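Shown below, as structure tokens, is a lone chain in the form deposited in one PDB entry; questions about how it binds or moves come after it.
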């Protein structure tokens, strides 16, 4: 593989890449750059790549160990890959800013989304840079946040009252809650590789900053959750059938619009595991 065409969709986050057939493995000249592409633009987009779960699970394992979701349905015979089929009976639930599975000791470092069945229009998906948003913070503020820890809870994005349709569904929730208690993650996170600083909190799971008072936390989080929706921090993608999206889950957050029902939307996703989030001067 000679090289790849990387087109930045913005100065901070965004990149549309081509010249990379994702149905068949790739060399080591290609991976490096594609790897460093996602590690550079935080989230890259590759089009026209009609690949099946196994193919998706394949590449995802090239980045690292994959993670299995405790409540979301998986594709047939393919646990590793979770399926997001949405309709009137199964409303969308990712229309909130979040960072995939930060409720575990070592949150996923990346993920690969793939469009299967898309509605006529809608279902756009956004990503926001945790590193930009940090840079946008005044010095006095970085000093404040850096060093503080914030709790993450599975229940915040998955409440019991939302998993009682059946007794099975309820049982699965109870188990998932059990294996995932609330735990701490730095407000400011140092990227394992780059070493760049980034805001590591997200509305989907962060319940509170334990290092300050309850109301100081409400006020700080109330600011951070708004701060990250600033346009200049994000890239927006309009989906098209058979499309690939790979992003770094250590320094970003995404949001998936809910505006296509009663139509049906089907997405497949691979979830690469990562290390222990941390902070360092």
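Numbering follows the first chain given and starts at 1. The term rigid core refers to the most C-alpha atoms you can superpose between the two forms while keeping them within 1.5 Å.
Keep in mind the form deposited in another entry is missing from the figure; the text below concerns it.
Q) Just one of 140, 73, 195, 91 has a C-alpha that shifts by 2 Å or more between the shown form and the other one on a rigid core fit; which is it? A) After core superposition, the one over threshold is 73.
Q: Determine, after fitting the two forms on their core, whether residue 127 shows a C-alpha shift of 2 Å or more between the shown form and the other one.
A: After core superposition, the C-alpha of residue 127 moves less than 2 Å between the shown form and the other one.
(Q) Superposing on the rigid core, I want to see if residue 184 changes position between the shown form and the other one - specifically a Cα shift of 2 Å or more. (A) After core superposition, the C-alpha of residue 184 moves less than 2 Å between the shown form and the other one.
Q) With both forms fit on the core, is the shift of the CA atom of residue 162 between the shown form and the other one 2 Å or larger? A) Where the cores coincide, residue 162 still shows a C-alpha shift between the shown form and the other one that is 2 Å or more.
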